[PDB]
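Chains as they are written, first to last, in the working numbering: chain E, 59 to 499; chain Y, 232 to 521; chain U, -11 to 164; chain S, 1212 to 1243; chain R, 33 to 62; chain W, 3 to 78. To start, the structure under review is shown below, and the notes come after it.
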């Protein structure tokens, strides 16, 4: 009388014929996510095939389909980004809850459609107060994760996030959107952080808020970390790694919470070492090295290799406005230790490229006897997008993990470095930054 | 095996035959093997050549996983196609395509002192119509100055050239002012996002029109090939396709021991497996063990 | 998809839309009882808000199992959709089997009769070659290598003339 | 034999990838 | 069904070379 | 001689230049090279011996490099 696989056979027979309309496939996807059918991939694929192939789409069926795609955890870029046609064409015809669901579920998959996000931000910046704050958090999430660095929406959303008290889930979505934006406006993040005081109804709430606070590098909140140490069973390993990483970047000392988050990722790595991305293994190594927590003996060395792999892959695919910056900083660092002509500049630049202990290649590394001083260049991509322009938390992450390898990381940001008029002022700034961390040089 | 620099491009890659190589290398590193040192050598020519021949090993399998939007009406399939090409370029180590072709411009003509040598060295990376229009604007400025228009920017010859280059740019349909205000930046963010929200709408129209032109070329090529092929009798079609398949299979059976011939034969056997497994159950499709 | 999702049991679809499958939920405050009716089978589970947030922790990552490529299957799908448009005008050819009898053979000029019989033979040729569907998979591998050599650029795969013209106007109209 | 995998069937088959690899394994050592 | 594998790059950013519309529909309608 | 460079000469760079260019005159010859400037070269130098032209420049190096690669990619 209550049988799940028989109704899954019924839905599989439903979306296998020729004449599935929009409402039928939208209903099939909703009834799939209400039944938690992740074990059966091909039935989900039939639903996505008939959802991409369908030609009619009204507002309700498209909204329910995008809701089911986002909530079911299913990703397929072709069928999701080909739903943006019905998203743009019905963008007047969507209610604010529907427009929020549509733009959030299309921003989740990384759909690079700038006209949809531009028009949705325009509609939500004309009618600001009409949207409930969860809806403006969803539109902020969708415009932030779709590649749009829209900041008019960010300030006009932070006004509402500071005026009216929002939910924990709404504030977590707002924080994660601001972390992808890279904003670090303390006046609105601190207004959003009062919502994390009643306890988190979901573990993804506290995990995403911890990652957002860590990536903007503020602090812990004493109730996010309690929710994480209380409910780290409802986290995927790729989610719990980002939770521990956002805790360690924010400066947390609660090693019990790191034990809780590590005891759900380390059985996942020991079960399948190939299940997580190398970026996630680097985040696990940074979280395990900064907070002083421990790992198993086969996992600590594994993420010790994998952090070197992730730093090398970030080195090789450098954006070549950072490569000119590293050449500039290495030239000013060669001059700062005595170089008045060009061949000694080039021979001192070509000697700063010594190898790290874990296998990675450090661009500027100086050894005077036993003292290793590294210089880090932070171009614009690892800076905060607001006008004070402080570096992000991943910068301090790399600095604090190289400090555990024995290096004195003199971080040189490029909001200040490229404003100096001559190369001698750049050598002055590089020596002032090296003397600040290790004045023995 | 993987040669320790192929693995570094494949971490952000997501095609299957590279993802299995990453996962095999990480399974090798899990069972007590050491990660080699990344080579602190290979000066900028060999480094750029290694980039050129390592990013192609990500671009080339990543192209064949991107379905063309052939014969689709609307603006969203073309935007999906160009968005997938953007994500492939971002996973292959390329930058934003605007930034990359700008870097190619600044790399080709770092030392061209007049505007004619800039306009003749990057003739290829610009359309020949826009290059011919810039040649006629340059000769219209040289008809007044009777000197080579200096590629300096503060020279009044270059300013009188730029006041007509902006004219031919807006005449070509592209807003020069929006692009210039974006790439020169601005001070306040409340006026910088209002030029970003015009430059990126131009940019979305730009790559949408370019990917749509590529799709129109593939549509016209497929229509030409089919309208040639449907004129033939059946037996000529069958024997010429069997002959071309036999010759292209003899090209792979001629080479032995090489990796591409072996992978070619493994892919032929995988295609025959696909045909046999569809034949085993045609209403359900190929057998995928989950 | 991203790492963290923010949907489930909140502004959700409360009801189904089409008659092929009927859905109803129980909009309580803490949990929710669902019931789904699709024809002969009936299903009704009970899930919580903390059970849908565990759903998007594992990503499905749907991918297409194609014969040769997704690219080659897209080009072959287009070639078959063109061959359908040729077939749909071979479907409107007039029937010549109703003019084969000998009250049409002997009332007609001999050269016009040879021309009519050659027209019937030409229709059999055209209809037997437009339905050679096994040859489209070999035709679509002639469009593939030129296209893949176009996307194997030294600049960028997605690059084209309009983006290069805009960046050339930016590079030209700056200082030096 | 039959029903291989999913991550073995998502390989685009007749991409080049190996003539690019056969050049890059014989050009880069011959140019260093 | 199988293609000649090429290992070469395009250097220029050129027009996509739209071919001419072949005359099969007019010939078959005639 | 005539040393055609890209940047004006520095004191250690000049003595390294007369160290590297000394291996072309086939004795202990004291090259009394003259200096010229040429922004078209992207670094390096060009010796004009007034009988021969020795091209240690960078633009010639990248042209010979691209010719070598475009000669090897057609050989494979």
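In this text, a Cβ means the ideal position worked out from N, Cα and C, and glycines have one as well.
Partner residues in the beta bridge of residue 141 (chain U), as assigned by DSSP, are R:42.
Shortest Cα-Cα distance from residue 468 (chain E) to any of E:478, E:499, E:483, E:439 involves E:499. Judged by DSSP secondary structure, residue 249 (chain Y) falls within the alpha helix (DSSP H) whose first and last residues are 247 to 261. Spatial neighbours of residue 241 (chain Y) in its own chain (CB-CB distance under 8 Å, excluding positions within 5 residues in sequence) are listed in chain order as 233, 249, 250, 252, 253, 289. For residue 47 (chain W), the enclosing beta strand (DSSP E) covers residues 47 to 50. In this chain, the beta strand (DSSP E) harbouring residue 471 (chain E) covers 465 to 471. If you ignore the 5 residues before and after residue 435 (chain E), its C-beta comes within less than 6 Å of the C-beta of 383, 384, 387, 470, all in its own chain and listed in chain order.
Within the stretch 296 to 327 of chain Y, contact with chain S at the beta-carbon level (separation under 7 Å) is assigned to 296. For residue 265 (chain E) against residue 300 (chain E), the beta-carbon gap comes to about 7 Å, under 8 Å, which counts as contact.
Assignment of residue 36 (chain U) by DSSP, reduced to helix, strand and coil, places it in the strand class.
Rounded to whole angstroms, the Cβ separation of residue 273 (chain E) and residue 307 (chain E) is 7 Å, and the two are in contact under 8 Å. Interface residue (Cβ-Cβ distance to chain S less than 8 Å): residue 51 (chain U) is classified as such.
Setting aside the 5 residues that flank it on each side, residue 364 (chain Y) is surrounded in the same chain by 399, each with a C-beta closer than 6 Å to its C-beta; the list follows chain order. Taking 8 Å as the cut-off, the beta carbon of residue 342 (chain Y) is found closer than this to the beta carbon of residue 44 (chain W). Inter-segment contact for the stretch 297 to 315 of chain Y and the stretch 166 to 183 of chain E is present: three or more beta-carbon pairs are separated by less than 8 Å. Bridge pairing for residue 21 (chain U): U:34 [DSSP]. A check of alpha carbon separations from residue 424 (chain E) across E:416, E:404, E:449, E:391 identifies E:391 as the nearest.
Spatial neighbours of residue 354 (chain Y) in its own chain (CB-CB distance under 7 Å, excluding positions within 5 residues in sequence) are listed in chain order as 362. Across the structure, residue 21 (chain U) and residue 34 (chain U) are spaced so that their CA atoms are roughly 4 Å apart.
Of the residues assessed, residue 441 (chain Y) falls on the buried side of the cut-off, its CB having 16 or more other CB atoms within 10 angstroms.
Residue-level contact by beta carbon fails for residue 451 (chain Y) and chain E, as no gap is shorter than 8 Å. The stretch 75 to 88 of chain U makes no contact with the stretch 22 to 42 of chain U; the number of CB pairs closer than 8 Å stays below 3. In the displayed model, residue 231 (chain E) falls within a helix according to three-state DSSP. When Cβ-Cβ separations below 8 Å define contact, residue 518 (chain Y) makes contact with chain S.
Interface criterion not met: the Cβ of residue 147 (chain U) is under 8 Å from no Cβ in chain S.
Judged by DSSP secondary structure, residue 5 (chain W) falls within the beta strand (DSSP E) whose first and last residues are 5 to 7. Residues of chain E with a Cβ closer than 9 Å to the Cβ of residue 13 (chain W) are, in chain order, 398, 399. DSSP links residue 37 (chain W) through a beta bridge to W:5. With fewer than 16 other Cβ atoms inside 10 Å of its own Cβ, residue 487 (chain Y) counts as exposed.
Between the stretch 446 to 459 of chain Y and the stretch 47 to 58 of chain R, the count of C-beta pairs closer than 8 Å reaches three or more; the two stretches touch.
For the C-beta of residue 32 (chain U), the chain E residues within less than 9 Å are, from N- to C-terminus, 59, 60. Taking a Cβ-Cβ threshold of 9 Å, none of the residues of chain W is close to residue 353 (chain Y); the smallest such distance is about 16 Å. Segment contact: the stretch 352 to 363 of chain E against the stretch 392 to 410 of chain E, fewer than three CB-CB distances shorter than 8 Å; contact not assigned. Taking C-alpha positions only, residue 452 (chain Y) is separated from residue 123 (chain U) by approximately 16 Å. Using a Cβ-Cβ distance cut-off of 8 Å, the stretch 405 to 412 of chain E and the stretch 456 to 467 of chain E are not in contact, since fewer than three pairs of beta carbons, one from each stretch, lie closer than that value. Listed in chain order, the non-local C-beta contacts of residue 389 (chain Y) below 8 Å within the same chain comprise 346, 380, 381, 382, 383, local neighbours out to five positions each way being set aside.
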